[PDB]
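Below: the structure, in structure tokens.
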Amino acid sequence: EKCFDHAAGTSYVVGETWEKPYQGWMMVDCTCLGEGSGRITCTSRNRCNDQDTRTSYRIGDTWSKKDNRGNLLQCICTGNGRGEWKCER
Amino acid sequence: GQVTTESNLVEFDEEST
């Protein structure tokens, strides 16, 4: 029983996970459920998809960007089970 | 340093054939 990633031309068995692009630059992790419909479930809970930089980060990745007043922030992806990161002056 | 927390979470399902 397979799930298919038609964008990547690939297929998976029940229980397998893989990385898949979402709307151009974001990344999600998808798991094959199958259920006789090739059902997959995807989530970015373990990634940081920062709309501000249109870049997808992994837990532990660090990056910098401005706040709204000229200060450079340093950010780190923590995940926290919810796609979370922290930035600090 | 002052801290700002953010998150972005995408969750969906779909079928495939």
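Lettering and numbering for the structure tokens are positional, with chains as A, B, ... in the shown order, residues counted from 1 in each chain, and ligands counted from 1 in the shown order.
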Counting only C-alpha atoms, a student should be able to say which residues of chain A come within 8 Å of chain B; what is the right answer, written as a PDB file with C-alpha atoms, in the first residue's frame?
ATOM      1  CA  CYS A   3       1.384   6.999  -0.692  1.00  0.00           C
ATOM      2  CA  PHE A   4       2.566   9.119  -3.589  1.00  0.00           C
ATOM      3  CA  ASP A   5       4.378  12.446  -3.806  1.00  0.00           C
ATOM      4  CA  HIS A   6       3.405  13.388  -7.343  1.00  0.00           C
ATOM      5  CA  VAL A  28       6.982  20.091   5.809  1.00  0.00           C
ATOM      6  CA  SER A  37      -6.611   6.471  -0.123  1.00  0.00           C
ATOM      7  CA  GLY A  38      -2.861   7.073  -0.252  1.00  0.00           C
ATOM      8  CA  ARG A  39      -3.381   9.326   2.782  1.00  0.00           C
ATOM      9  CA  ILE A  40      -0.492  11.451   4.017  1.00  0.00           C
ATOM     10  CA  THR A  41      -0.245  13.824   6.932  1.00  0.00           C
ATOM     11  CA  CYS A  42       2.204  16.758   6.847  1.00  0.00           C
ATOM     12  CA  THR A  43       3.392  19.206   9.414  1.00  0.00           C
ATOM     13  CA  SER A  44       6.129  21.785   9.821  1.00  0.00           C
ATOM     14  CA  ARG A  45       6.148  21.330  13.630  1.00  0.00           C
ATOM     15  CA  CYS A  48      11.131  26.988  11.294  1.00  0.00           C
ATOM     16  CA  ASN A  49       9.650  28.412   8.085  1.00  0.00           C
ATOM     17  CA  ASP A  50      10.293  32.094   8.549  1.00  0.00           C
ATOM     18  CA  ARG A  82       5.039  23.920  17.117  1.00  0.00           C
ATOM     19  CA  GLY A  83       7.413  25.436  14.474  1.00  0.00           C
ATOM     20  CA  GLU A  84       8.825  27.847  17.036  1.00  0.00           C
ATOM     21  CA  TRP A  85      11.947  30.056  17.096  1.00  0.00           C
ATOM     22  CA  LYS A  86      13.344  32.858  19.244  1.00  0.00           C
ATOM     23  CA  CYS A  87      15.090  36.025  18.192  1.00  0.00           C
ATOM     24  CA  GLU A  88      17.013  38.317  20.432  1.00  0.00           C
ATOM     25  CA  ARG A  89      18.797  41.592  20.389  1.00  0.00           C
TER      26      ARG A  89
END
Quiz prompt | All strand (DSSP E or B) positions in chain A, as a PyMOL selection string | solution = chain A and resi 2-5+10-13+17-22+26-34+39-43+47-50+55-58+62-66+72-79+84-88
Self-check item: Test item: residues at most 8 Å from stretch 51-59 of chain A, only C-alpha atoms, excluding those fewer than 2 positions along its chain, as number ranges by chain
Solution: A: 25-27, 46-49, 61-62, 65, 76-79
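Between atom CA of residue A:22 and atom CA of residue A:7 lies a distance of 10.4 Å.
Note that the spacing between atom CA of residue A:8 and atom CA of residue A:29 amounts to 13.7 Å.
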Exercise. Provide the atom CA of residue A:21 to atom CA of residue A:33 distance in Å, to one decimal place.
Key: 18.6 Å
